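# Working through the structure, step by step
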Amino acid sequence: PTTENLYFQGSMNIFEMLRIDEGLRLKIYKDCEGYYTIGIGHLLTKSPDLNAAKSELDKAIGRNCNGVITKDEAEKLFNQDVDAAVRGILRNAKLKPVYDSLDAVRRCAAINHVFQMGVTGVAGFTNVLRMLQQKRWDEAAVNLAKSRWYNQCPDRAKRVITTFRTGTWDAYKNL
Ligand SMILES: Cc1cc(C(F)(F)F)n[nH]1
């Protein structure tokens, strides 16, 4: 690896990781599962009612948005959502010990996974949790690739799975 390649891990963190997986959109859109989304992966609601999504947006941002936000507002919401996912892991009796056992890069993959799926969803991968704690990375990655989370929307999940496999940032290189 070049001097520049060795610097690349210092440029990657949970914010950059999720920014790649979720993208950045300033207008309400439907995600791969058809849920109204905005910003960097902010799920507004699971209701099919666009009006509900706009109401949630205005609540979340604190002004009359009519379905559009600024980059700065997207980033604020993004930071709040990342903090929520981290807090969700750390207060959970099942996730915390697994997360604690992980290296820094795999901890990012964990926060990412919880950001995407929510705490109970993630805690439901009983076997994968045990595999991660036991450093059975290949098996963990194979089992993650069976999940509806990955299979329903592979492009959003694939990088995270690879990261659980390797504990490196390689999946986020050369976009
Ligand atoms: C499958 C899984 C476990 C985890 C965590 F949060 F580290 F426990 N995140 N994703």
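The preceding data block contains the structure.
Heads up: these notes are all about the structure in this document.

So, on to the packing of helix 6 (residues 104–117) against helix 11 (residues 154–166). Any two packed helices are characterised by how steeply their axes cross, that is the angle between the axes, and by the distance between the axes. Two numbers describe how helix 6 lies on helix 11: the axes approach to 9 Å, and their chain directions differ by 150°. One element, helix 6, and the other, helix 11, form an angle in the roughly antiparallel class. Our pair here, helix 6 against helix 11, has a crossing hand that is left-handed. Residues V105, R106, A109, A110, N112, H113 and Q116 of helix 6 pack against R156, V160, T163, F164, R165 and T166 of helix 11. Of the residues in the contact of helix 6 with helix 11, the class split is five nonpolar, five polar and three charged.

Turning our eyes to something else, we now look at the pairing of strand 2 (residues 36–39). Here strand 1 (residues 25–30) runs beside strand 2; their pairing, made up of three bridges, is antiparallel. In the sheet register, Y29 faces strand 2, and the bridge partner there is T37. Remark: five residues form the turn of the hairpin made by strand 1 and strand 2, two consecutive strands paired antiparallel; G34 in that turn has positive phi of roughly 85°. For strand 2 and strand 3 (residues 42–43), the ladder comprises two bridges, and the chain directions are antiparallel. For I38, the partnering residue across the bridge sits in strand 3 and is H42. Between the end of strand 2 and the start of strand 3, which pair antiparallel, lie two residues, with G41 showing a positive phi angle near 70°.

On inspection of all chains with the given rule, the structure shows nine salt bridges. Ionic pairing is found between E33 and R156, a salt bridge with its closest N-O pair at 3.1 Å. Here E33 is found in the loop between strand 1 and strand 2, whereas its partner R156 is found in helix 11, with 123 residues between them in sequence. Judged by relative accessible area, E33 falls into the partly exposed class, the value being 45%. Overall, the relative accessible area of 10% leaves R156 in the buried class. A salt bridge links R136 to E139, with the nearest nitrogen and oxygen atoms 2.9 Å apart. In this structure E139 comes out as partly exposed when scored by relative accessible area, which is 38%. Taken together, the shared-partner salt bridges in this structure form one network comprising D31, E33 and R156.

Attention shifts here to the site of the ligand. Neighbouring residues of the ligand: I89, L95, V98, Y99, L102, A110, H113, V122, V128, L129, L132 and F164. Within the side chain of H113, a nitrogen or oxygen atom sits 2.9 Å from a nitrogen atom of the ligand. Look at the ligand: alone it shows 280 Å² of surface, and the protein chains cover 100% of it. Broken down by secondary-structure element, the contributors of at least two residues to the shell around the ligand are helix 5 (95–101), helix 6 and helix 8 (126–133). Of the residues in the shell around the ligand, the class split is eleven nonpolar, one polar and no charged.

Take the environment of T2 next. Structurally, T2 is set in the segment before helix 1 (3–11). Within polar-contact distance, the side chain of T2 engages the side chain of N5 at 2.9 Å.

Counting through the fold element by element, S147 comes out in the loop between helix 9 (137–144) and helix 10 (148–152). By relative accessible area, which is 8% here, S147 ends up buried. For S147, the side chain forms a polar contact with the main-chain oxygen of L144, separated by 2.7 Å.

Rules used throughout
- Residues numbered from 1 in each chain as written, not as in the entry; some residues may be left out.
- Heavy atoms only, no water.
- Residues with missing side-chain atoms left out of burial classes, pairs and counts.
- Axes fitted to C-alpha atoms, helices over the stretch in contact; angles between N-to-C directions.
- Helix = DSSP H or I, 4+ residues; strand = E, 2+ residues; numbered from the N terminus.
- Parallel < 35°, antiparallel > 145°, perpendicular 65-115°, else oblique.
- Left-handed = near helix turned anticlockwise from the far one by under 90°.
- Contact = heavy atoms within 4.5 Å.
- Nonpolar A, V, L, I, M, F, W, Y, C, P; charged D, E, K, R; others polar.
- Pairing = 2+ DSSP bridges.
- Salt bridge = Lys/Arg side-chain N within 4 Å of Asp/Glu carboxyl O.
- Buried < 20%, exposed > 50% of the residue type's maximum accessible area, 1.4 Å probe, protein only.
- Near = heavy atom within 4 Å.
- Polar contact = N/O pair within 3.5 Å; in protein donor to acceptor, adjacent residues only side chain to side chain.
- Areas by Shrake-Rupley, 256 points an atom, 1.4 Å probe, with all protein chains shown as cover.

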